[PDB]
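Working notes, structure below.
Convention: sequence-line order gives letters A, B, ...; per-chain numbering from 1.
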Amino acid sequence: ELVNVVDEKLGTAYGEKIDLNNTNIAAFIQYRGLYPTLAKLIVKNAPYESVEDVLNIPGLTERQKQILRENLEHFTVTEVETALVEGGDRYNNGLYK
Amino acid sequence: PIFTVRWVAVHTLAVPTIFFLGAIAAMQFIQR
Amino acid sequence: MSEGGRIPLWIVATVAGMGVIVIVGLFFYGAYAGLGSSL
Amino acid sequence: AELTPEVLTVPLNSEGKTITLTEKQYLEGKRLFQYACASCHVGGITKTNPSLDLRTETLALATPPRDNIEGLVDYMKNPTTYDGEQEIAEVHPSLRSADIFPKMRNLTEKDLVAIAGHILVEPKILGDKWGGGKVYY
Amino acid sequence: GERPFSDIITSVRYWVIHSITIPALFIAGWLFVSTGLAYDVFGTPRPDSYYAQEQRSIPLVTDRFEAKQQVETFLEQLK
Amino acid sequence: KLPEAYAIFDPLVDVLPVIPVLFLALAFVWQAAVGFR
Amino acid sequence: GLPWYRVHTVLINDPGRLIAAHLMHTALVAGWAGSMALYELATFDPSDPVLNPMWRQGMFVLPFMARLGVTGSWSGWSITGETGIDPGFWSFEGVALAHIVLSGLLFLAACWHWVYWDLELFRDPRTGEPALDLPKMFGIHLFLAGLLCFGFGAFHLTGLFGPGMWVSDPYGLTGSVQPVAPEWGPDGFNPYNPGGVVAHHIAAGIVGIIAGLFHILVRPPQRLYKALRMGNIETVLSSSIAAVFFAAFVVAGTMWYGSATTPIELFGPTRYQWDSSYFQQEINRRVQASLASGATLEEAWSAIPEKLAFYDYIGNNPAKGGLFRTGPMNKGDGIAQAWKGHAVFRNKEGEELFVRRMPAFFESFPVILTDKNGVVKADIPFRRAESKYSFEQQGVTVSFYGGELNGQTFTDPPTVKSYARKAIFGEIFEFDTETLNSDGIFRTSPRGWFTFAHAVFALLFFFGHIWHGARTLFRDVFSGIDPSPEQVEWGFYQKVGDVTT
Amino acid sequence: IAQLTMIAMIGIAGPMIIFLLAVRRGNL
Amino acid sequence: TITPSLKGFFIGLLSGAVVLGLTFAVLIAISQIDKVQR
Ligand code: CLA
Ligand code: CLA
Ligand code: CLA
Ligand code: CLA
Ligand code: CLA
Ligand SMILES: CCCCCCCCCCCCCCCC(=O)OC[C@H](COP(=O)(O)OC[C@@H](O)CO)OC(=O)CCCCCCCCCCCCCCC
Ligand code: HEM
Ligand SMILES: CC1=C(/C=C/C(C)=C/C=C/C(C)=C/C=C/C=C(C)/C=C/C=C(C)/C=C/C2=C(C)CCCC2(C)C)C(C)(C)CCC1
Ligand SMILES: CCCCCCCS[C@@H]1O[C@H](CO)[C@@H](O)[C@H](O)[C@H]1O
Ligand SMILES: CCCCCCCS[C@@H]1O[C@H](CO)[C@@H](O)[C@H](O)[C@H]1O
Ligand SMILES: CCCCCCCS[C@@H]1O[C@H](CO)[C@@H](O)[C@H](O)[C@H]1O
Ligand SMILES: [Ca+2]
Ligand SMILES: [Ca+2]
Ligand SMILES: [Mg+2]
């Protein structure tokens with residue numbers, strides 16, 4: 001069974017929410033207060049077993065945890081996909097405008 | 001009133017040309 | 001008089017020529033102002 | 001279609017107040033935006049970071065909000081990252097950094113208001129083209 | 001078997017005639033446009049007549065035989 | 001801008017650079033006057 | 001001696017050897033026809049007129065035999081799909097044979113005319129010089145052409161003494177050869193009306209008999225004889241080439257746009273039928289009427305003939321080929337085996353989605369599905385990173401009604417995508433790509449090849465016309481101009497070229 | 001206007017020299 | 001009926017005949033006045 005793993009990943013929560021373990025960093029621009037400061041810590045500290053583990057990143061401020069809580073509903077986690085995280089692609093996935 | 005072929009020929013071109021150039025001159029002052 | 005030569009051909013040429021330059025110049029001006037100027 | 005006072009009416013602040021820009025004010029803002037900003041922000045995008053554009057919806061979600069005259073003017077005096085967390089004067093044109101960005105040196109309040117007004121009106125005219133990049137050319 | 005142009009265009013008669021007719025045609029063309037008659041003769045949009053206020057789609061003719069009517073409708077839709 | 005004393009002369013300063021071109025054009029007025037002999 | 005491009009000029013004043021050259025030409029053309037038909041019979045598979053008709057098999061002459069009533073083989077089959085028909089002598093094979101025999105007889109006649117070129121008939125009774133009286137030959141030939149045209153219309157096409165012509169319904173589902181009555185009203189000028197072709201031949205044929213009698217009986221005006229150089233055979237060549245390029249352009253046009261004489265069961269559908277979704281509209285009409293009479297979706301789609309569905313498929317559009325993509329349409333997409341049925345796509349919400357069809361202009365085309373209002377609902381993305389419409393996000397599924405897959409539903413995104421890629425081509429077919437080692441790349445039908453060859457030849461024949469018209473009208477100066485500088489200078493003559501002014 | 005006037009004055013000058021010399025049979 | 005487009009056709013035909021008719025009447029008139037000497 002040859003499968004395109006990126007297209008298959010679009011049928012998971014990855015296709016519906018910001019996947020903390022896979023989605024490229026620009027995606028965090030979609031909601032108030034996430035980019036660039038929280039975006040960087042989230043990407044640097046991935047992967048997470050559950051979205052709520054994002055609250056445990058070392059060094060987060062009290063306000064950062066609050067902003068993260070307000071955005072847990074926009075987040076998801078799926079298994080790390082090599083094709084999405086190699087190449088430094090979470091920091092620049094070759095898409096601009 | 002005596003015309004020539006050449007005279008007719010020159011004026012079928014020259015007369016609209018000047019009219020058109022006045023038209024185009026005016027257009028340079030149109031603002032959106 | 002229908003007399004040819006009365007106005008030297010060089011003056012006719014110089015004046016018609018400046019006429020052309022002026023009209024064409026106006027058209028270039030128009031490329032930067034009003035319709036077509038992108039502004 | 002024409003550039004009506006309705007089109008020229010934009011949010012002055014986050015609380016519901018609007019101003020109606022004059023035709024003259026809009027054209028001045030356009031000219032000033034070209035002069036001071038379009039080198040990086042032509043058509044609403046940002047050439048040195050294309051992830052952030054000047055679309056109204058994007059500005060609405062910046063911190064502090066930047067989708068109104070006063071927020072845009074504040075951005076022009078004291079620019080921040082999108083999360084409001086770092087001050088970026090030192091790498092972004094502003095009144096505060098008009099020493100190292102000289103095209104900012106003579107801008108008055110009126111100038112900033114006009115620029116801000118251009119930025120909010122342009123999408124109301126151009127729709128998706130504003131901030132859309134080459135896809136929409 | 002006719003007069004050389006350079007005899008004609010260097011003659012006083014020519015310039016007397018044409019100093020009236022050339023500026024007159026030029027001015028008539030100028031006014032064909034400045035009075036806006038050129039728009040109405042050719043059906044060309046003025047700068048405020050490409051779109052009704054909100055719409056962003058072009059009034060493209062889609063029907064061969066009621067093309068006349070369609071354009072009329074598009075023109076009425078300009079409030 | 002020019003020093004402000006000279007400001008009145010701005011419109012003249014704007015046309016000056018084109019003058020060298022008028023010299024090339026002048027050669028032709030002249031030659032037409034000696035009938036391109 | 002003569003340069004290579006003038007060798008045939010030796011015939012200009014040798015009417016017997018010209019006839020011999022003409023006889024040879026006609027032997028060659030008729031032998032081509034006989035050979036072509038035999039090669040087509042050696043390659044044509046008659047076993048499926050529904051999904052494997054002649055126009056999918058690169059058949060070029062078979063349709064011309066079929067258009068005028070030759071529909072059977074001695075071996076028992078017919079192009080309409082019958083068995084045990086007995087076509088008499090005039091099967092495709094007997095036509096091919098008749099042309100081969102004709103060729104041979106023509107060849108032998110050419111030899112005779114070549115050897116016995118010096119007939120007294122070809123000499124002018126006064127001067128004894130070779131001479132053809134062309135104005136009278138024109139009348140004789142025009143009269144004969146008149147009698148034949150009339151005969152063709154009045155006996156053959158009517159069925160009064162002959163088989164008639166191919167006619168069909170507007171969707172090319174039930175074609176057959178039928179007697180056709182002349183249409184004498186203005187609908188006789190409708191290209192799509194077969195009765196007009198019949199009235200044309202009756203009426204134009206009588207006009208040719210009358211005008212030929214005129215031309216037999218009345219000499220040309222001296223003014224026209226002189227102006228058109230009627231003593232010079234090359235005048236006839238010039239104007240005959242003009243008539244022929246006019247005719248060639250007309251047949252290229254009626255082949256491309258379609259007419260009663262370019263039926264779609266013989267030449268394939270037209271590109272315009274795809275452009276206007278001509279068949280898709282008729283299919284949807286039949287389906288809706290089924291639904292309105294209380295059919296289930298399965299029954300309504302199952303009632304659509306495979307033949308109608310197959311017209312609604314872009315691989316049968318003549319505007320999807322390539323100049324160097326050679327051979328039968330079967331060589332590209334394959335030999336069509338069966339309709340898969342009509343695919344209905346739906347998103348996870350159950351809304352029906354419609355795949356945007358490929359216009360003929362495009363070699364490739366994106367896969368985009370919209371709702372009934374043209375709003376985009378799903379697609380196959382190129383960049384994935386900011387995809388919003390993938391079949392996977394939108395839970396697109398496909399269900400088939402009618403054909404092989406009737407009643408089946410697929411939900412796995414690879415398979416749903418594969419069918420959506422096929423849906424850009426219209427209705428979906430199963431093809432045998434192995435038998436001919438088909439390469440998957442579209443080819444045009446004989447409608448397209450006929451059109452191409454005849455538009456190109458008509459254009460080139462325009463040159464031939466100009467060339468020979470020039471040679472006729474400038475015969476006196478064709479070796480160069482007279483060895484006064486007052487005919488070609490100004491002021492010397494009042495009227496150009498006129499020495500008596 | 002100021003610009004167009006300088007232009008017309010400066011531009012006229014060349015042709016003026018030619019015209020003057022022509023008028024007084026000068027060494028053209 | 002005489003359809004709108006058949007009336008359109010007659011208009012086109014008459015127009016063309018008038019253009020040609022006038023052109024020829026005028027050229028014949030001129031040629032008749034302005035004769036060649038021999
Ligand atoms: C130019 C006009 C024209 C054309 C192209 C056709 C074409 C055709 N006719 Mg129509 N027809 C016409 C005018 C025409 N007809 C006229 C004017 C009449 C009234 C007389 C008819 C009345 C008519 C009848 C009654 C029949 C046809 C049939 C046919 C088809 C078979 C004949 C054939 O291919 O011979 C091609 C001929 C040659 C290539 C010439 C060969 C000549 C030499 C000597 C070789 C002979 C070969 C062969 C051994 C002889 C056959 C024997 C046979 C009589 C049994 C063919 C589609 C037949 C049909 O229906 O078939 C399905 C048929 O029965 N036609
Ligand atoms: C009631 C009597 C009757 C009836 C019903 C018909 C019926 C018909 N005739 Mg016939 N006709 C008749 C009597 C009749 N005729 C008589 C008495 C004569 C005189 C002998 C003719 C001579 C005649 C000619 C010469 C033609 C017909 C054609 C036709 C058909 C017209 C439909 C069509 O497909 O045109 C399609 C053809 C056209 C619309 C003509 C196009 C004209 C072109 C544009 C002129 C310029 C061409 C030039 C080379 C430049 C092209 C440039 C290009 C490359 C861009 C139809 C079968 C036409 C035909 O054969 O069609 C297949 C045709 O060309 N007839
Ligand atoms: C009007 C002429 C005509 C037309 C429209 C067709 C049409 C058809 N034929 Mg038939 N055929 C013809 C005449 C024609 N044929 C002749 C004369 C022969 C004898 C050679 C054949 C023998 C034949 C065979 C053996 C086969 C066909 C087949 C076919 C089909 C595929 C055609 C194809 O792939 O072409 C491809 C066409 C090209 C690649 C275009 C060639 C362009 C030339 C090379 C350009 C030359 C340029 C020139 C040298 C430049 C000079 C420049 C100079 C002046 C300076 C199609 C239905 C095929 C089929 O499916 O049959 C069932 C098939 O197998 N044909
Ligand atoms: C009915 C059509 C027809 C006929 C009967 C003729 C006949 C003639 N032509 Mg004209 N001509 C025609 C159409 C025709 N032409 C067309 C369509 C064109 C444009 C292509 C021309 C352009 C033309 C020119 C420019 C010249 C002639 C000349 C001649 C004369 C000498 C021909 C010769 O010796 O060639 C000998 C030819 C060869 C030895 C080889 C030619 C090989 C060709 C290029 C490729 C192979 C063709 C292939 C075999 C044929 C299939 C044809 C089919 C697909 C149409 C002769 C009177 C010549 C002339 O006027 O002499 C005073 C001359 O200079 N013709
Ligand atoms: C570039 C085009 C062109 C040129 C330069 C020539 C040149 C020549 N032609 Mg050819 N001819 C042409 C195209 C051309 N022809 C076309 C398209 C046809 C129809 C098939 C012919 C049919 C033809 C014949 C039958 C004869 C000539 C002959 C000649 C020669 C003498 C002049 C003559 O009769 O003119 C003909 C005049 C014209 C081409 C002008 C036609 C103007 C028409 C009537 C205007 C129609 C307007 C239209 C109604 C508007 C409606 C448009 C519609 C789409 C809405 C000369 C070599 C003669 C010759 O070879 O003598 C030795 C000869 O016998 N011509
Ligand atoms: C299906 C059956 C097929 C069989 C047919 C096969 C026969 C085909 C014969 C065709 C060959 C004809 C060629 C003759 C060639 C030939 O004889 O040329 C020279 C010839 C000179 O003719 P003259 O009038 O000087 O007569 C001298 C005599 O000796 C000629 O017989 O001129 C022409 O033939 C005119 C047209 C050819 C001009 C073509 C020149 C091409 C230049 C080079 C182009 C390539 C380089 C391009 C680089 C970018
Ligand atoms: C006075 C002229 C300018 C104006 C009015 C302006 C306006 C803005 C605004 C409103 C934003 C925030 C966008 C958002 O939050 O959605 C922004 C961001 C940005 N602009 Fe400008 N800008 C100007 C000049 C420039 C120039 C000349 C450059 C290039 C050197 C530039 C590069 C950037 C970059 C890189 C960002 C993103 C900064 C970050 O968040 O890290 N800007 N600008
Ligand atoms: C003698 C005789 C005989 C026999 C006969 C025969 C057997 C014949 C055959 C014939 C034939 C069998 C023929 C054929 C022909 C062919 C042809 C003539 C072809 C041509 C071709 C062409 C021309 C082409 C061209 C082209 C090409 C190549 C490529 C593409 C393009 C084109 C299309 C251009 C008999 C016994 C009856 C009896 C009597 C005597
Ligand atoms: C040289 C080939 C001669 C062979 C002729 C066999 C004739 S067979 C004959 O043909 C007639 C005409 O089609 C038919 O009407 C008839 O039913 C059929 O049996
Ligand atoms: C040159 C001699 C070869 C001629 C062969 C003549 C076939 S004759 C042909 O035969 C068919 C059965 O095969 C019948 O259907 C048909 O009626 C009959 O005309
Ligand atoms: C491959 C598993 C999914 C099946 C969906 C395939 C679309 S349909 C498929 O298309 C081929 C052309 O690509 C034809 O040759 C073949 O006959 C047909 O079965
Ligand atoms: Ca305005
Ligand atoms: Ca294979
Ligand atoms: Mg302008």
Side-chain angles (χ1 to χ4, degrees), chain B residues 1-17, chain C residues 2-5 9 12, chain E residues 1-11 13-14 17-18 21, chain G residues 12 127 131 133-135 138 215 218-243 245-246 462-483 485 490-491 493 495-498 500-501, chain I residues 15-36 38:
Chain B
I2 333 83
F3 297 96
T4 69
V5 172
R6 191 181 74 182
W7 184 104
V8 169
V10 157
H11 294 81
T12 68
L13 289 171
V15 169
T17 293
Chain C
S2 295
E3 178 93 71
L9 192 41
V12 177
Chain E
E2 45 201 313
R3 286 188 72 210
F5 283 110
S6 53
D7 293 354
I8 296 153
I9 75 149
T10 51
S11 89
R13 183 163 161 83
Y14 178 77
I17 285 157
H18 289 84
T21 62
Chain G
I12 292 170
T127 65
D133 183 17
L134 303 169
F138 178 66
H215 279 287
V218 188
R219 299 308 302 183
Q222 177 141 235
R223 288 196 78 129
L224 297 183
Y225 191 103
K226 211 175 99 199
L228 294 173
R229 318 289 201 271
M230 294 189 186
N232 182 350
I233 198 168
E234 192 156 13
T235 205
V236 175
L237 185 52
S238 175
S239 35
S240 283
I241 288 179
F245 80 66
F246 172 37
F462 169 70
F463 189 89
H465 167 56
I466 287 327
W467 173 254
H468 290 292
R471 288 233 332 142
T472 299
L473 297 168
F474 295 78
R475 196 212 223 154
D476 60 319
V477 291
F478 252 95
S479 277
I481 64 176
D482 203 285
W490 290 259
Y493 300 158
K495 195 202 167 162
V496 182
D498 193 1
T500 63
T501 76
Chain I
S15 298
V18 167
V19 167
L20 290 172
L22 290 185
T23 295
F24 278 98
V26 163
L27 294 177
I28 294 168
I30 301 180
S31 72
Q32 285 295 333
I33 287 156
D34 189 2
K35 278 178 138 138
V36 152
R38 271 186 242 78

Report yes if some heavy atom in the side chain of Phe5(E) is under 4.5 Å from a heavy atom in the side chain of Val10(B); otherwise report no. yes
Any side chain to side chain donor-acceptor pair (under 3.5 Å) pairs touching residues 463-474 of chain G, not counting sequence neighbours? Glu234(G)-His468(G), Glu234(G)-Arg471(G), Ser238(G)-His465(G)
Out of curiosity, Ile12(G) CD1 to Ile233(G) CD1, how far, rounded to the nearest 0.5 Å? 8.5 Å
Can you tell me how far OG of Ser15(I) sits from CG of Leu20(I), rounded to the nearest 0.5 angstrom? 11.0 Å
Count the heavy atoms belonging to other residues, nucleotides or ligands that lie under 6.0 Å from CD1 of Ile481(G), then report whether that count exceeds 12. no
Nearest-0.5 Å distance that lies between atom CG in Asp498(G) and atom OH in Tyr493(G): 8.0 Å
For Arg3(E) and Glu3(C), the nearest pair of non-hydrogen atoms, with its separation, is NH2-C, 4.3 Å
What is the minimum heavy-atom distance between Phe478(G) and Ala470(G), and which atoms define it? CE1-O, 3.6 Å
Would you mind reporting whether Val8(B) and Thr4(B) have side-chain heavy atoms less than 4.5 Å apart? no
Atom CZ of residue position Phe24(I) - does it have more than 12 heavy atoms of other residues, nucleotides or ligands inside 6.0 Å? no
Quick one: pull up CG in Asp7(E) and OH in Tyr14(E) and give me the separation to the nearest 0.5 Å. 13.5 Å
Taking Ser240(G) for its side chain and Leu237(G) for its backbone only, find out whether a donor-acceptor pair lies under 3.5 Å. no
According to salt bridge (charged side-chain N to carboxylate O under 4.0 Å, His left out), who are the partners of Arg475(G), at least two apart in sequence or on a separate chain? none
Give a yes or no answer on whether the side chain of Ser239(G) reaches the backbone of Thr235(G) with a donor-acceptor pair at less than 3.5 Å. yes
Heavy atoms of other groups near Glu2(E) CD, more than 12 under 6.0 Å: yes
Hey, could you give me the CZ/CD1 distance between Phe3(B) and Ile30(I), rounded to the nearest 0.5 Å? 10.5 Å
Between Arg38(I) and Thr500(G) (side chain of the first, backbone of the second, donor and acceptor by atom type, cut-off under 3.5 Å), is there such a pair? no
Please list, chain by chain and in numerical order, all residues satisfying ring pair (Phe, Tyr, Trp, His ring centres under 6.0 Å) with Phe474(G), sequence neighbours excluded. none
Output for pair (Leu9(C) CG, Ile9(E) CD1), nearest 0.5 Å, gives 5.0 Å
Qualifying residues under ring pair (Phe, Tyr, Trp, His ring centres under 6.0 Å), relative to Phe462(G), sequence neighbours excluded: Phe245(G)
For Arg223(G), give me all partners under side-chain hydrogen bond (donor to acceptor under 3.5 Å, both in side chains), at least two apart in sequence or on another chain. none
For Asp133(G), what residues pass the side-chain hydrogen bond (donor to acceptor under 3.5 Å, both in side chains) criterion, not counting sequence neighbours? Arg219(G)
Using a 4.5 Å cut-off on heavy atoms from C-beta on, say whether the side chain of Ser2(C) contacts that of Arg13(E). yes
